[PDB]
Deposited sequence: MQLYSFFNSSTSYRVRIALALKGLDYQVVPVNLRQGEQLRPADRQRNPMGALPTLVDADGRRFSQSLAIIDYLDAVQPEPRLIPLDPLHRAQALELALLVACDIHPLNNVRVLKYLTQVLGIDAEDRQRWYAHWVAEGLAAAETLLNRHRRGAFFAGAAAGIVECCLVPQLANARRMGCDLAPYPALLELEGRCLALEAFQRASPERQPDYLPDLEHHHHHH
């Protein structure tokens, strides 16, 4: 398979993590678009992560148990639907060039959606985590979504002190070769 990836795309980071956790090799093509062995194209990171679970079930990125699965998807969709979309490069571009919102107002916009969303993420992780990772002994869709969100929030100057369990989970993920391999800074298109 091929992944049309950019090193600094949060959605590409999500899928590079999932591919690294499966141990699947693919060809980065410097979004995202996964092209499978049949030439089918997929661009929505959370659909790709679900599909990878069909392509190579073990290790599993989304739980089988219906309640554990609902809890994992709840936290993944909080990130994918209620934080990231508002803070996209395309949205900040629109705010500057079309509405002329200055760097500082764009900061406060960025920080407002992060603060609301990460407070809820911290709550859900503390409530529903089953072990070292959200799903127990292995990282999955929750870590695929939280790790890029935290990197983005950090880089935009957000206060992350109110989210100690998110920061702890982030550290347990960034200690793993799979996350290190997927990281922006280790990508072939990275300056």
_Ranges lacking C-alpha coordinates, please, mapped onto the deposited sequence and listed in sequence order._
31-51, 213-222
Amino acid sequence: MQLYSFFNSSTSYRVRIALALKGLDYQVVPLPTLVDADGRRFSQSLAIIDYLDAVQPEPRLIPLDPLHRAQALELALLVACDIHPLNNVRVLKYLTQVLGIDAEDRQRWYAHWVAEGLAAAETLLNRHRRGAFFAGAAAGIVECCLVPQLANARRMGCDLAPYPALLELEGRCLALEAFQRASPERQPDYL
From here on, numbers count along this sequence of modelled residues.
*Could you settle it for me: does 73-81 or 105-113 have the higher average Cα B factor in the PDB entry?*
105-113
*Can you tell me which stretch has the higher mean Cα B-factor, 166-174 or 8-16?*
8-16
*Would you mind checking which of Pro148, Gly140, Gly157, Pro32 has the top Cα temperature factor in the PDB entry?*
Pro32
_Third of the chain's Cα B-factor distribution that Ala120 belongs to, per the entry_ = lowest
*Would you please rank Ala135 by its C-alpha temperature factor against the other modelled residues of its chain and give the third it falls in: lowest, middle or highest?*
middle
*asked:* Looking at the temperature factor on the CA atom of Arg60, which third of the chain's modelled residues does it land in?
replied: highest
*CA B-factor ranking of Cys144, expressed as a third of its chain*: lowest
*Would you mind checking where the Cα B-factor of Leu67 ranks among the modelled residues of its chain, as the lowest, middle or highest third?*
middle
